[PDB]
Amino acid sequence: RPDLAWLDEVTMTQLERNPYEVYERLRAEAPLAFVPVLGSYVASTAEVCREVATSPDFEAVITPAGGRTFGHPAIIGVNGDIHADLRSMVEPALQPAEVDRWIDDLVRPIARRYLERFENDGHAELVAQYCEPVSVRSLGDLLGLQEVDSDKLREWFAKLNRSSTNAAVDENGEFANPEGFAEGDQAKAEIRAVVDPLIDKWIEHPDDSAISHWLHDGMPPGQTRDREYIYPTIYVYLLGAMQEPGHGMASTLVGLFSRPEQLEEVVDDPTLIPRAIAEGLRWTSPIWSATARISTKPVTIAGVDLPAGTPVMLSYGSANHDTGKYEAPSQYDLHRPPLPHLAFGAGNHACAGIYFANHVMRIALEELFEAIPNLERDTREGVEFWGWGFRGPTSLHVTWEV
């Protein structure tokens, strides 16, 4: 496409460091555009992302690096009967009435435990000391991975992140950094060594762990889902489900710190925490551009005639800065009107864990502000954000008097 020749010079490092300048141009120039270093069409605006995610002429496809990382059948990459079965598999513990039965007793003692380790120090790096541990320990316990330490869960989602977003391709469309998948393979081998004996046990002795229910629910007597059939969805969880609520709470805190009067409002009135998080997710979307759909017939989207078989990456992080919808979207603003956003995606493959994730983030921020009402950002330290596929702050140094 001749007028987009500047896209040939966009690098993967640029998109990882900060994709918003490139995507601001894409939203204006070409809401559906082929990005050479990604080797794919990308949808950058809210209208195009929603249309593709809900269109009957598209179905899910995994990103190239995502497929190399997760294999088949990852819940994000399949359709039809297999997708219906995997949704029925994961949905029970995520049902809102079910989450409401136990979410407080799950997350609140976890939040307290991590807080107790540092709440009197006067300094902390909240990503590693709080946001990521609460996110992974909550979900890990729900899944049946109580004995997998939070350090290890955090290391796994970071390796799976890097592997599944190792998207750069060369002049020939081949992966430019094939090495980059080796740490995803290593994380999967470690996961197998830990989880295979738990599956061995759950097959014979089912319990209330989510993974035991994935093996047993809906199955004929004495049968279980084959472990090779469920492992790719286990990996999907050990990446995003483990990583995202922590990144969402952290981005929300960075946003609030950028608006000190709003931080004070939310600390004074914790009923505003859900609104603060919704704006945080729009402002820096944790799943920024990690999923995709593929056309199943020829289709015209945003003026582009696509053949059947065309993948389109859904860059929901960019769609959530669409200036067709939002005023000054790069600014965090608690008092933005509560409008629809795309940080949980859309359509048949939209996020299955929204209600759970929102409560995990809410309870974590409730307990943080409670414990440390005079929390302030350490302004001697910069907050970098990193990531094109998944995006979040790499640290969040804070301070408080005591």
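Just count from 1 along the sequence shown to find any residue number.
As the entry records it, the average C-alpha temperature factor is higher for 366-374, out of 366-374 and 34-42. On average the C-alpha atoms of 113-121 have higher B-factors than those of the other stretch, with 113-121 and 162-170 being the two compared. Each of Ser315, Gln243, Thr233, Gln331 has a CA temperature factor in the record; the biggest one is found at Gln331. When the C-alpha B-factors of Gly222, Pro96, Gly71, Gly180 are read from the PDB record, the largest value belongs to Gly222.
The deposited CA B-factor of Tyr326 belongs to the highest third of values across its chain. Residue-level temperature factors show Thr300 in the highest third of its chain, judged at the C-alpha atom. For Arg380, the recorded CA temperature factor ranks within the highest third of the chain's modelled residues. Ranked against the other modelled residues of its chain, the C-alpha B-factor of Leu396 as given in the entry falls in the middle third. For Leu139, the recorded CA temperature factor ranks within the middle third of the chain's modelled residues.
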